[PDB]
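K.L.:
Give me a 3D structure for the following:
(14 chains)
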Amino acid sequence: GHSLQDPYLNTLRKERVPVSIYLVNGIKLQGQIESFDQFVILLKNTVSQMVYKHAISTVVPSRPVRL
Amino acid sequence: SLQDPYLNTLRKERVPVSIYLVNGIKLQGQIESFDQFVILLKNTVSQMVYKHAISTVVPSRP
Amino acid sequence: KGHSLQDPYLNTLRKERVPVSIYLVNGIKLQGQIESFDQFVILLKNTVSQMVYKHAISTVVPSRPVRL
Amino acid sequence: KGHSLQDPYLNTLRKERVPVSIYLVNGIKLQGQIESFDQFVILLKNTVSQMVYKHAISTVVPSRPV
Amino acid sequence: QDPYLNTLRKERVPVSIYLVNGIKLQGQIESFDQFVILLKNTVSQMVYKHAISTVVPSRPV
Amino acid sequence: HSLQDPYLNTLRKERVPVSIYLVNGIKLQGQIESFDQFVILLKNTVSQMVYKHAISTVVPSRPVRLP
Amino acid sequence: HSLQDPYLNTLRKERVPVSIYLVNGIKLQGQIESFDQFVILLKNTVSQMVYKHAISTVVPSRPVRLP
Amino acid sequence: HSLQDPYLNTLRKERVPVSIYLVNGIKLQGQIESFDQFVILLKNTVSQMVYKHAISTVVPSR
Amino acid sequence: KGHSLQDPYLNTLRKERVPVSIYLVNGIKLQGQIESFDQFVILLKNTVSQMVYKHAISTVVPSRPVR
Amino acid sequence: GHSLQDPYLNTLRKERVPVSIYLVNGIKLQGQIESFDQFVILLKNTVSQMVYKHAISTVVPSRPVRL
Amino acid sequence: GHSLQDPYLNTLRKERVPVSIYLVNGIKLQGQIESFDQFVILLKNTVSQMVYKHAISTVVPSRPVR
Amino acid sequence: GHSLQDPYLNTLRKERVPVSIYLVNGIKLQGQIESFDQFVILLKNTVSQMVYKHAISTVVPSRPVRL
Amino acid sequence: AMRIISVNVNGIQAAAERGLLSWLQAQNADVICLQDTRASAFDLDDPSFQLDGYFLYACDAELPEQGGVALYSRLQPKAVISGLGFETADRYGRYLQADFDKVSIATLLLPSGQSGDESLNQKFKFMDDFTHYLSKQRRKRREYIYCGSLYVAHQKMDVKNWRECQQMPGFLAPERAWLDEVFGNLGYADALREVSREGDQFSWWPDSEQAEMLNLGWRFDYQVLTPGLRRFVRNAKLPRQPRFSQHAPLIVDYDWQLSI
Amino acid sequence: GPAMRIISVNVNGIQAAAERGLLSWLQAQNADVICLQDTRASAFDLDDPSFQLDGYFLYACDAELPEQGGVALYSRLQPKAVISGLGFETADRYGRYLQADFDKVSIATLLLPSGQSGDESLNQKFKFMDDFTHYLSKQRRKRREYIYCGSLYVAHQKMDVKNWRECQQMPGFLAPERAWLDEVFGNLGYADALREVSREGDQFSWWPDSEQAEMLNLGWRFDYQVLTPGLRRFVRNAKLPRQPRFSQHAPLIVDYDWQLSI
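P.N.:
Residues are numbered from 1 along each chain as shown, chains lettered A, B, ... in the order given. Below you will find the coordinate block:
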């Protein structure tokens, strides 16, 4: 379990790929993942706003990255 | 759960599926991989989505 | 699951294969009949199968009166 | 345990058969009567035998005090 | 979590709850539990915990 | 576990004015008084108890550095 | 008269960010652009006329010395 | 006075929607019709005259 | 000078017997039609004769926009 | 003196009409008006308590009375 | 001016009747009035503070006075 | 008039007695008094905060004071 | 885009003299649902009523002055149907429906019920018959947009001084209860109240200049749409047109586009 | 008084700008906002602290290929948030758009393709203009005032270009471009700050590399700060310094009555 999202997000963070997290409300969140943990991911926005997983919906990278 | 048979069948047959999110926006693309927490669509961008905000997964073809 | 009143209801909806109208929270309606179910998913057979999630189902209105 | 307060309230509403109006999280009002309930399901008897999931129920407003 | 709501209930503070749908509910806390909060305002308007977004008391405690 | 708790404890200790946005998108303001595994207390004129399951993100008005 | 005018003139010339409190207890913020013998115009992003009848206490964030 | 009159006149000559806050914390936003030493009319659903001594803050929309 | 505006306006509102919903500074909502007034006291007519002091009134909301 | 205020109070005194005085805060004051003078009003009840004019918000006689 | 306030306050001072003053904010004060003027007022309590007449709402004595 | 305010405030400021001024909103303001004038009082505390007389309800010396 | 106009003209003739034809011609829209034609279909056949670039469809009551409804569409609908089986419906052509791919819209016009007691009885009759028909219209796949003037307000937010109108027809308890049952219980929604929960918005006020001045409006127009389209609401607006029609035009846009 | 100097320069490659000392002139011209369109380099190239101006936050989105385009934007004060892309391939694949939110106002950076290199570039420009009017009709629908700092590569009127009779066929004055711009301005109610403050001719921004054209002042006004009419009234003045041309476009200087804030 939980063996797939961990490496995916770790690779997205390592290469600092610009992800566009579309919330459930239809709001864009362009930024780089600074870190991630349980019930939380850390964006690299100018303010580095801390987001919650339960609210997050999609995580699309602008540039297709390899697994 | 019957979710994993369905998902891995769509993955093996690579059927173009249309996924509806909790908001209702209609996604499209094949399913590359999946687990209990997330799904890794095979779309042009391979947008990853968590399992706590899914509505219905349907294949475009029977 | 302690009392499991949903289990008899879904079992009688599936055994008789009654036409259901599972409403979702977003607002769309899904017609068909329950083929099978578990803890987080229900199978609707309308030409193709639909992996409608449990937590997204608002109301289940069977168009066929089910005695029980 | 979990429904030490929810269970008695719902059971009283059922036994007394008070016409309740369930407001969903989507904002759709649902009038009717509570037929039965459990951990995460409530059967609403009306023109159509309806089954509303608890996780999508915002509020319930009984028409008469109980 | 438990102590704050227990104090809100015992002290009979006028509470106003904004639901996840945004509905501005008004009433007094009658009784609460893990997954239920009985709101006493004319009728026993029960409110679920998962649907509550903010609890706005009229005065601090 | 490893990220949320230290981040919130730092925000509380430093008393950084944070701006929280609900899942619906309503913008809230106030300082983090105390944290909890399921809730948070946001003191802004009148102390309002916000539930974690309704928090979209936590935007700190000032940049913060983790320990 | 002997104390209000020098205090206000110093706060104006020095551009000290003050925290005007209201009779209801709300803590406002912003810079003072010009004062009057009965009202003060405090600018925070945009000008906002504040009535002296509704001010409880004016606390300058920085120490000030009378002339 | 010397400051209130001209600014309050310009707040109407430019059609600036003025928002006034009552001491109780109630907010009303409308265009000022006319003002006096003790009364100021705020255009709303109806001509709601407001007492000068009851206004706390005047935050114009621009 | 001091009554050049409120006096004729209130006199017209009185003559037109327009239903008024007066609001007190405390926030309570009273209703009725003003029957008389002078300079420090306003007399309101309704089911029960009511005398309201001017220094405690916040707004006078008529039911029709008077000219 | 006043046009209607002082005559109103004199009329309320002559017939000792039971009047309920309401405070700006919201509390009520029962008892008949014993006497009155600028800035003060004496109330007749269990004790000769004196209320302040500047604090009174509304004066409602228990019975409809005309000047 | 103060045709009634001054005699009342002077009588309360002379007879040293313990009066309870209730402020508009709601807080409770207690103590006899030692002296007074056209604005403030001296108290008899242990602290003997200076209350402001503009903030006073009611003055109820412990014993009715003429 | 105002024959008792002047000596009281002079004695309070000359001896530098801490006063827990209970604001009209219910907040208590500790610290000595720096100066005073017509409808204005300066505070000696963390910062020279200005207090409006019209917003003061009671000034308690706490410590015994005479005049 | 996907626009819908609702203008209960209360007489297409008066609408024409008031300039409604030119306004609609200038108003770029996808479908126009005017009500109360007060004329026969042959009268609607007059090319003056035919808007350039729009189709003509109209069903007239047995008696012209009784009512009649018309429907204009930019593209040829799949099929047009009239009547519902009820006498109060068929005998007066108070219902006309067009069919498009995936979605089929309809034009509804309920009797005012304010003229006399018999009108109120007919209103109750049509209401019960229509809720029955809609119960028969539940599991139906095709999504619908019942654009019609229901001559009833749902909530106090839809009408001021409700205390005075509580006994007056249009806000009586049974009508409001029927509307609430049709909306909530049956999952139906409204585009306006969903997209904009703002009061003071009305459509029908008395022609009397006094009411217009003080704005005594009763919200009678509603974009009753199946829950399928609830998600595709863009925005609703009630222009305060200068006395062009008793029922102010109700314009609403939708995110979901149309197709033959 | 309340002022706000928004600066925009189509460097057409940040390297050539740095060669001309543009960074020094920018750091000395301490203003509110400074936009640098056509970086012609990846963000990693802009990460060189030399490009970063003291007291500003660097934000830039690079095209799929660094030399293709890319846009940067300095801000005296930290913007509320910075976003890139427009949903269109012609925009996302080339980083031709980057917005920086503030408060009740979002100063956006637009980069329309030149369309002067080849016919395919002009076709892409037409497609981008169509998608951009669509995005304007869809975005402005959300409550917000927009300041579109963009090099549109199009002259609106003869006043924006001399000897137009010779430029009728030249890109920038083509009939479709003129029609699209006139629709964007009038039909949608959008205006421009410079023309509003000064309806003066001979004022241009883009000049050909040919020295003779610069000598005789044959220039084009391709840059426009097309903005919502809400902020249109708050324009104070505009300027186009004829300093040694720092890039294919000239320095567009404009001051507003509004003052941005976090």
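K.L.:
show me what contacts the closest residue to chain D within the stretch 51-200 of chain M?
P.N.:
Taking CB to the nearest CB, chain D has its nearest neighbour within the stretch 51-200 of chain M at residue M:184, 3.3 Å off. Where C-beta positions appear, they are placed from N, C-alpha and C, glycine not excepted. Applying CB atoms under 8 Å, 6 or more residues apart in numbering or on different chains to residue M:184 gives the contacts D:21, D:28-31.
K.L.:
How about residue M:248: what's its closest non-neighbour residue?
P.N.:
Excluding the flanking residues, the one nearest residue M:248 by CB to CB, 6 or more residues apart in numbering or on different chains is residue M:203, at 4.5 Å.
K.L.:
tally of neighbours for residue 51?
P.N.:
Going with chain A. 24 (other CB atoms under 10 Å in any protein chain shown).
K.L.:
The chain in question should be chain M.
P.N.:
17.
K.L.:
need the contact list for it.
P.N.:
Residue M:51 sits in contact with M:21, M:24-25, M:32, M:72, where contact means CB under 8 Å, 6+ apart.
K.L.:
residue boundaries of the helices in the chain?
P.N.:
The chain I'm using is chain A. A:5-14 (DSSP state H).
K.L.:
You answered for a different chain; I wanted chain M.
P.N.:
Under DSSP H, chain M gives helices at M:12-17, M:20-26, M:41-44, M:87-90, M:117-135, M:162-165, M:173-180, M:191-195, M:209-214.
K.L.:
Highest mean neighbour count out of these?
P.N.:
helix M:191-195 (a mean of 20; mean count of other CB atoms under 10 Å in any protein chain shown).
K.L.:
quick one, what contacts the residue nearest to residue M:248?
P.N.:
M:149, M:217-221, M:238, M:247-248, M:250.
K.L.:
Name the residues of chain M found near chain D, please.
P.N.:
By CB under 8 Å from any CB of the partner chain, the part of chain M that sits against chain D consists of M:135, M:138, M:180-181, M:183-185, M:187, M:189, M:194, M:227.
K.L.:
From those residues, which land in strands?
P.N.:
residue M:189 (DSSP state E).
K.L.:
can you put the contacts of residue M:184 in TSV and add distance to residue M:8?
P.N.:
TSV is the format used below for the contacts of residue M:184 (distance: CB to CB, whole Å):
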residue	distance to residue M:8
D:21	31
D:28	27
D:29	27
D:30	31
D:31	29
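K.L.:
what's around the nearest residue to residue M:131 once chain neighbours are set aside, how many residues?
P.N.:
Using CB to CB, 6+ apart and skipping the chain neighbours, the partner closest in space to residue M:131 is residue M:182 (5.8 Å). By the criterion of other CB under 10 Å, residue M:182 has 21 neighbours.
K.L.:
so what's residue A:25 up against?
P.N.:
Residue A:25 neighbours (CB under 8 Å, 6+ apart): B:23, F:23-25, F:56.
K.L.:
Show me those that map onto strands.
P.N.:
residue F:56.
K.L.:
Out of the contacts of residue A:25, the closest to residue M:39 would be?
P.N.:
residue B:23 (45.7 Å; CB to CB).
K.L.:
Would you report the backbone torsion angles of that closest one?
P.N.:
Main-chain dihedrals, residue B:23, degrees, to the nearest 10: phi -70, psi -40.
K.L.:
related to what we said a few turns ago, what's the most distant pair in the residues of chain M next to chain D?
P.N.:
M:135 and M:194 (22.9 Å).
K.L.:
Not counting residues beside it along the chain, what's closest to residue M:89?
P.N.:
residue M:95 (5.2 Å).
K.L.:
go on, residue M:82?
P.N.:
Nearest non-adjacent residue to residue M:82 (CB to CB, 6+ apart): residue M:59, at 4.2 Å.
K.L.:
any idea how far residue M:105 is from that neighbour?
P.N.:
14 Å (CB to CB, to the nearest Å).
K.L.:
now residue M:153
P.N.:
From residue M:153 to residue M:105 the distance is 23 Å (CB to CB).
K.L.:
Perfect, I'm done here.
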